[PDB]
Amino acid sequence: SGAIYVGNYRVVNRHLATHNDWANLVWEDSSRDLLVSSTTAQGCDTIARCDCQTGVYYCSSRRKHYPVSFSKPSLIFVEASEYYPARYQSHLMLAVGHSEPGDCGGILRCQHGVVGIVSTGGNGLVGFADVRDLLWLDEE
Ligand SMILES: NC(=O)[C@H]1CCCN(C(=O)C2(n3cccn3)CCCC2)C1
Ligand SMILES: [Zn+2]
């Protein structure tokens, strides 16, 4: 689990969104595994606006932050699970790292701020849903 809190927005994995998230919905995209809801209190996270390919992510199943090299946001296959059928997930970045159930929502960050959240695992792979192109998170 985990979320990004920027301005009056809460960014979570779409597959982990609560009823309160859906009842206060700003935007959602199943192809990206992302959902944004509105918040009463202002958050402290800042979004990175960059093309970094190195950063650090939080792994809840290890209670550890790991430095990683990650790929550019792309259209990657995610093998069926109980959340989405076989398909292609967009705006996804992969790294070698550990990711196992209980781990989505962990933040990936670079020197500029938050880059995205854990969206995949298995295989000694970590997938992150990028948020750096969502410029509207910084305003209104
Ligand atoms: N983005 C998605 O489509 C993911 C939704 C949750 C399930 N997905 C995964 O990658 C699995 N996972 C690894 C670490 C955490 N979850 C792989 C093994 C079992 C579940 C796919
Ligand atoms: Zn950066």
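Details
- The condition (being within 12 Å of the chain's Cα centre (by Cα), aromatic (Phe, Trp, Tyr) and within 16 Å of ligand 1 (Cβ to nearest atom)) is satisfied by just one residue among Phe70, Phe128: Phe128.
- Residue within segment 117-129 that is aromatic (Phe, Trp, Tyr) and in contact with a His (Cβ under 8 Å, 6 or more places away or on another chain) present: no
- Taking the criterion of being under 8 Å from the mean Cα position of the chain (by Cα) and within 11 Å of ligand 1 (Cβ to nearest atom), the residues of segment 88-119 that qualify are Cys104, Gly105, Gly106, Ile117, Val118, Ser119.
- Test: residue in segment 18-25 that is under 15 Å from the mean Cα position of the chain (by Cα), more than 16 Å from ligand 2 (Cβ to nearest atom) and in a helix (DSSP H, G or I): no
- Counted residues, segment 26-71 - those being assigned to a strand (DSSP E or B) and not aromatic (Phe, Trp, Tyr): 24
- Every pair of residues 6+ apart whose Cβ atoms lie under 8 Å, when the first sits in segment 68-81 and is in the same structural domain as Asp133 (by CATH) while the second is among the charged types (D, E, K, R): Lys72/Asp51; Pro73/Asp130; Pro73/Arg132; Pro73/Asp133; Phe77/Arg87; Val78/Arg87
- Members of segment 36-53 that are within 16 Å of ligand 2 (Cβ to nearest atom) and under 11 Å from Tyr9 (Cα atoms): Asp45
- Residue list for segment 111-133, filter: among the aliphatic types (A, V, I, L, M) and either in contact with a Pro (Cβ under 7 Å, 6 or more places away or on another chain) or within 15 Å of ligand 2 (Cβ to nearest atom) (or both): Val114, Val115, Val131
- Of all residue pairs spaced 6 or more apart or on separate chains, those with beta-carbon atoms under 8 Å, a first member in segment 27-55 that is without any contact (Cβ under 8 Å) to a residue 60 or more places away in the chain and a second member that is polar (S, T, N, Q) and within 16 Å of ligand 2 (Cβ to nearest atom) are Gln53/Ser69; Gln53/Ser71; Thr54/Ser69.
Numbers and lists here come from the model and the stated rules, or from a named source; these are not laboratory values. Cβ sites come from the backbone with ideal geometry, for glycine too, and all protein chains shown count toward neighbours.
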